[PDB]
Each structure stands twice: as C-alpha cells, then as structure tokens.
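First, one chain by itself: the form deposited in one PDB entry, in structure tokens.
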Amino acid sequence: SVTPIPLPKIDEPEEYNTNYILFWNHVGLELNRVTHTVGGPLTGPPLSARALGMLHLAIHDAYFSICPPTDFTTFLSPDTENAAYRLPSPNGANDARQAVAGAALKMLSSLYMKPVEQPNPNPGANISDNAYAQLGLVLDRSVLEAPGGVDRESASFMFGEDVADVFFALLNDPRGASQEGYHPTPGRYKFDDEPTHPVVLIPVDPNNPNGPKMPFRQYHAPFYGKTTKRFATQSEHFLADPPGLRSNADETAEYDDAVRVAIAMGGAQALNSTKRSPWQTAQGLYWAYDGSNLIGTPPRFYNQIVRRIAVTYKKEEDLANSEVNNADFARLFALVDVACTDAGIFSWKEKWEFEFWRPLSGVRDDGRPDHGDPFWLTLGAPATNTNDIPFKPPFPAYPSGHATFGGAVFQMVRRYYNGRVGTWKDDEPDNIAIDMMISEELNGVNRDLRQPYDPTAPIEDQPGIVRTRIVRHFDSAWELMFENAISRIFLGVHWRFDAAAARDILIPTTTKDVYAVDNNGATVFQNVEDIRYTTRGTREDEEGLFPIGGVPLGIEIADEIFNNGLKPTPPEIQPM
C-alpha cells in the first residue's frame, strides 16, 4: 500500500535488540525519527521527550508488577483510592515479556495513532494520512520483530494494555504544543522570528503537499511548561534571571562578553570573525539532533547513548534471558526518560517566561557600532538530510533545552551507577566511560543534500555532501553533560549562560565577567574534571539564589526525582 521509507542503519551491536526492554525502547526511537521525517504527532523536543517518558513508565509498571522489586516500588500503586492513579492488578498474568509487549504496543499505538476519537481539534493537527500510515508500518513491523514474539491473546499481554491505558489517560497532553494565542513582543532581549527563516510556506492541505501554501510563523509550545502535568518532580523549579533582564539587567559586562564569545565561537564557517577550530565544529554538530529527517530530536540521541552505557555496565552477560538485566534496564530507562520529560517541562516553562532572544538576533540587532554585527550568520542548527540551510530553533534561548535534557539524563545515570561502576561524590566527576559512540549527524552516511529529500529512496542514493564519520569515546557522564551543553555555543544558537554560569565553565581574567581567549581569539574552557556548577543567581520575583542555565537545572531535576525514588508529582501541586 504505502511505499515504506527506507531508513539508514543504526550504529549499534545487533545484540542489544535481543533484550525485550531494549527492543521496545528502540521501537520508541524509530517512531521518533520517523515522525520527524513525515511530520507526524509528538514532534519537537519537549513532547518527543514525554512520549518516551510515558512509554517507559508503562513498561516499568507492567514489568515490576509481575516481577516485584526490592527497594523501590511501582510508580503507581494498585491499592490507591484515586482511580486516575490506580494501577491494574495482574491476577494470574505471569509473563513479563508479554506484559511489556502489551504496555509498549498500547502506549505507542495511542500516541502515534490516527486520532479518530473526535477530539482531534487542532491540538497539533495538520498531519497528513501518509504520516499516520508511515508510522503504522513501523508499529506493525515491530510486532513481527519483537524478540520472543507477541501473543495478543495472552493474559499478560492484556494486563500490559491495561497499564498503558492508565498511564495514557493520566499523562497524555494532546494540546501541549498549541501556539494559539501567542505572539512575540519585540524589544531588546526579546524572542522573535529568526531573520533567516522569518516565515515558512506550508501546504494548506497536508494531504496535498504540491498544492497551495500559506504563510506560517512557528512558536514551539509556548504554553506547555506552564500548564502540563509534571511526571515525578516534587517541586517547581526556577532559574536566575538571565544577564540583561530583571534583577540582572545590570550584568552588562557579562552580557557584552557573551556577545563577543557568541561571535567568535558560533559564527558561520567562512566568516573572518569566526575563531572556532575544526574539532570544535565537530563537537557542535555531534550533539545536534535538531528534529531532522531520519534523525529526530535530542531525546533520541541521549537514549542511544544510555543504551550503550546500560549494556556496557550490565551485571549479567546474557542480554536475551536474564531477569537481572531486564529489571536493571526497565528501571534505568524509567528514571532516565522520566527525568528527560520533566527537564523538557521546566526548560520550556523557563524559556517562555523570560522569552530571551537567540544570539543571531541578539548580535544583528544589538544596535551598538562596536558591539554588534548586523550581517552576522551562525553555524546554525543543521538541517540534516534536506537541501535547506541551517536554522535557529523556533523557541526562546534561556535556558538551553540540550543542556537541561543533558543535565537531567546524565546526572540520573551518575546517581544510578555510583558505587557500581566506581565511587564519586554525587556532584563531582564520575567514572562512566563509553567508546565507539557515533552520532548520526557525523556517521559517514547522513548528509546535506543538493536537492529535496526523496522519501522513497535510501539516503545513500541521494547526492549531497556526506558528513564525516567520527567515532568518539568519552571518560565520564560529566564530560557528556558538559560537551552536550557547550556544543550549542559552537553552533551559535545559545549564549554561554543558557548552558551554565560562565564562571563555572570559562577561564577567568583579572577583569570581572570577562574570560580568557587564546592566541587566535578563541574562548578557552575549564578542564571537565575541574568544572563544578556552583555559581547561583537572583530572581526579581523570588527570594534566594537559583541555578544559572540548563545543566544546573537538569542536575537538580534529576537529583530530586532520584532522591524521591521515582514517585508521581503530588496532584495538589500540578498546574491549575
């Protein structure tokens, strides 16, 4: 019926998919890259992080209900009075593999299916039939590839579906990405449509892509962070005001030097003002995953990394028949994807609260003859596998989503493995090393096309400039967290403070708020082993000191969720 989209191969040992927990995670990752190629539901970083959080929460409770855990307990309980938080009982269901298949298939089905349930009122509607159809093939195909098979008649399978229904009804946010009613408010420091993509022409009818097109200005999920239900956070999280705003509107020396670093470190490859090296250029793209064709969003890459970590530090050698491994993975992925979801929530809530402008507009519209550059261009977020030019993500700058996602994901890995892989203070560098780690942005396969992407052909048969294959090894999760964060400074899409306080990451000079630069004028960073996220800042509306940028925010969301043992956010503190 539908011509299936030819997907490129994943750089991962085939062995990983013999484990059913990893297998379903993988299916969730395939839907992520496919939905970003076809323009289906749950696109964008915050909502694609939530889809994975939901999938793993459903998997967690189906598994641990059938194979009860020792310390922790299920996220939801069977004896809870509140029906919405009431986990179905097994009553004879004893097959964990089928329970997981059931929870996984039901959740993903609900998330990516054609919303024939009437309530498809533009919540995020403008998805073609082909998009739904392409995603349906991924789902149908997975049933057949699942290790050990799928038995829909099984009791255990039906129990899993029950679990999925509960989590879906409780956590689904259909209109989370609604833009309705939002319009930028220009002025210094304020977010507005980026100047290289001021408007995009989208078809009037998605089903008819070669017909009429209309003007469209995109503002990604302006109301999400404020209104959506949180997952496992036990409090609301806040960041210090960014330099130039509110209580910090007097941090002009910081702001000025930030403009300077932005130019030298994040400009286009060929500009005379760009001081970034070839290796730093590789660090910027490696961590991209900016919603591209065949690639998807950042949560996808972070999960690709955690899969490697999981298998590398597994307790038992058998990936296929080991409950010790199955429980370790079901647990890790739940903690990690839940932290990722909530990090997406709070980074987006802070992004739209401050509405801080991206560096491209900040540098072009600075207004001062000796500070700005009305013609500056950034290396930009890469439009991989398209013949489009780089772009600036369609949402405010402060704090960085990449830094926040990364601070949460990797701090969660660190807490989980402390004492197991090595020993460290929870706030100092770990020992979690990985190697042979390849990013799809730099794999010798993906590329920058010279003509529009052809969905009926494998990218290998499409002319374009092929991205160099770079194989990395990292020494710790502290390095991952740091590099993932500064990568955005090299792409030129984030200010230094969107990642973390400049003091904690840059080498100081005798001049306050001004940092060290080498011979060729490039910014020099602190050694990863020495980095400590301690600099706090003030807020105009609240008393106390608060973290600065995304990494410290992600770190705090992860510690809270872990310290509380993966427990639902009290309903009394969810948005009104």
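Rigid core here is just the name for the largest C-alpha set that superposes within 1.5 Å across the two forms. Note that residue numbering follows the sequence shown and begins at 1.
Taking only CA atoms, the mean B-factor in the PDB entry is higher for 123 to 131 than for the other of 502 to 510 and 123 to 131. Higher average CA B factor: 364 to 372, of the stretches 364 to 372 and 477 to 485. Within the selection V336, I263, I305, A177, the deposited Cα B-factor values reach their highest point at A177. Note on the listed residues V493, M113, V200, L245: the highest Cα temperature factor in the record is that of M113.
Ranked by C-alpha B-factor against the other modelled residues of its chain, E153 falls in the highest third. Compared with the other modelled residues of the chain, the Cα B-factor recorded for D257 ranks in the middle third. Ranked against the other modelled residues of its chain, the C-alpha B-factor of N387 as given in the entry falls in the middle third. The deposited CA B-factor of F562 belongs to the highest third of values across its chain. Per the PDB record, residue ranking by Cα B-factor puts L47 in the middle third of the chain.
Although not depicted, the form deposited in another entry is the subject of the following passage.
Following superposition on the rigid core between this form and the one not shown, the residue from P88, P390, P298, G362 with a C-alpha displacement of 2 angstroms or more is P390, and no other. When the rigid core is held fixed, the Cα atom of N120 travels 2 angstroms or more between this form and the one not shown. Wider separation of the C-alpha atoms of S361 and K392, by 3 angstroms or more, is seen in the other entry than in the present form.
The pair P393 and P547 is at least 3 angstroms farther apart at the CA level in the other entry than in the present model.
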